[PDB]
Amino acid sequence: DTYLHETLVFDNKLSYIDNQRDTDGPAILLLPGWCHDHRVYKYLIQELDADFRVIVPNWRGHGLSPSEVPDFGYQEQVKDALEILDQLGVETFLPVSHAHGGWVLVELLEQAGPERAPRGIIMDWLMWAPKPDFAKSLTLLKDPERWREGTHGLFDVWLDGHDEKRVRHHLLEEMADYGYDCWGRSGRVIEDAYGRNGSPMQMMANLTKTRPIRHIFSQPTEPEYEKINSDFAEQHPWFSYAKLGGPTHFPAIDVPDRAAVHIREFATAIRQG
């Protein structure tokens, strides 16, 4: 893309998107999950490009040229993200995560605090502790013999029986270059994240400074999942959610206009005070 840069972050050379838009705050920080990169956000960036500064960091070993790197977790993702923001001179930002990029977002809210990071948006992030099928998927990702079997089972869950051309292209072309080094790590880090923090809902409730957070999601589609979101929102005045009714796990790809309007609402709320 026209906006892709590379910088040295501590020991590692990381790629990142920066449209270097000169405009009012806040900056929109789009956080990828595990074993994909800024390509997941190409449609969402087009929705936001004109009106906001947009930054998308890629994690260690992530990007157009994936590589083997030493083991790292979401704490390093957070430091890598802040170091890129410091280099760029960004003060105030609205972070937006996909799936297990949420662990990075919630820890980023904690470390950055509510003046720099007054709100956050989490997209399609499993709010409950792993149910058997997802727990099984993580087990296979960590298996050096069965990791691709793991990825195939997740792609099935993510597409949810849809022939969704753009999402299939992301999973089968834009993620094809990621290996056991990434997918194995993703299994290990996510399993440890739930084990250590209990759940995304526990981790958000545990913030020193609670702030406005919206969960926007298309799946899981079952009423039981909507109910845990409604029960959390009813108990926590700062928490909201919207079911986007997109076909796949990837609303940034399949309903980028819908994601964008939630992000614009939060950016507008920050600008008013």
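Start at 1 with the first residue shown and count on from there.
Chemist: Taking only the CA atoms, which stretch has the higher mean B-factor in the record, 96 to 104 or 83 to 91?
Modeler: Higher mean C-alpha B-factor in the PDB entry: 83 to 91.
Chemist: Which has the higher mean CA temperature factor in the PDB entry, 139 to 147 or 152 to 160?
Modeler: Averaging CA B-factors over each stretch, the winner is 139 to 147.
Chemist: Reading the B-factor column of the entry, which of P57, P247, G33, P70 has the highest value at its C-alpha atom?
Modeler: By C-alpha B-factor in the record, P70 ranks first.
Chemist: Please place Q77 in the lowest, middle or highest third of its chain according to the CA B-factor in the PDB entry.
Modeler: It falls in the middle third of the chain.
Chemist: Would you check the entry's CA temperature factor for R185 and let me know if it's in the chain's lowest, middle or highest third?
Modeler: Middle third, going by the recorded CA B-factors of the chain.
Chemist: Hey, what third does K131 fall into on Cα B-factor, ranked over its chain?
Modeler: Highest third.
Chemist: Once the chain's modelled residues are ordered by C-alpha B factor and cut into thirds, is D18 in the lowest, middle or highest one?
Modeler: Answer is middle: the recorded C-alpha B-factor places it there.
Chemist: By the record's CA B-factor, is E174 among the lowest, middle or highest third of residues in the chain?
Modeler: As the PDB entry reports it, the C-alpha B-factor of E174 lands in the middle third of its chain.
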